[PDB]
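Chemist: Residue numbers (the authors' numbering), protein chains in the order written: chain F, 242 to 337; chain A, 50 to 97.
A virtual CB, placed ideally from N, CA and C, is assigned to each residue, including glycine.
Handing you this structure, nothing more for now.
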Amino acid sequence: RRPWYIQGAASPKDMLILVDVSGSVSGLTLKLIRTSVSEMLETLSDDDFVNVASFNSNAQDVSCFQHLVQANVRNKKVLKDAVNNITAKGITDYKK
Amino acid sequence: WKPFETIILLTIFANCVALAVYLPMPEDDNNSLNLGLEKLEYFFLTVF
């Protein structure tokens, strides 16, 4: 996870995290999902672009961003603070 | 007074089995099967 390693081990990315916040994930798996998305954002650099979306019978952005943003320390702070505010309710729909 | 014993006993038995295969999901999720066993409740609430 050291950035020199992640830097020399693959090319840049255009990652889009897609959290599932349907009702059935509530409980344990939801908090594991929050911690996991944070620990995944921590494997990105300033060369990569990211955004966290979220779907439960309707897909929307987890935050204020609405497209791919540059994954620097400020943007990743925004996306972590937005992922921590996540709640689970609804029916699942993977197509949307 | 026909053999309606069996026709209502088996209907209640199938109602029980359809009650037991239902799977309760949290926070108001659902799956395809549960949405079918409700389209089967108007068939068990008509016969009865």
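When the cut-off is 9 Å and only beta carbons count, does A329/F lie next to chain A?
Modeler: Taking Cβ atoms only, chain A reaches closer than 9 Å to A329/F, which makes this a yes.
Chemist: In whole angstroms, give me the CA-to-CA distance for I274/F and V260/F.
Modeler: Spanning the two alpha carbons is a distance of roughly 8 Å.
Chemist: In this structure, does DSSP put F296/F in helix, strand or coil?
Modeler: Strand.
Chemist: Are the beta-carbon atoms of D302/F and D255/F separated by less than 9 Å?
Modeler: Going by C-beta atoms, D302/F is not nearer than 9 Å to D255/F.
Chemist: Within 9 Å (strictly less), CB to CB, does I274/F reach chain A?
Modeler: No, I274/F lies away from the interface with chain A (no Cβ there is under 9 Å from its Cβ).
Chemist: Under DSSP, the beta strand (DSSP E) around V260/F begins and ends at which residues?
Modeler: That run of the beta strand (DSSP E) goes 258–261.
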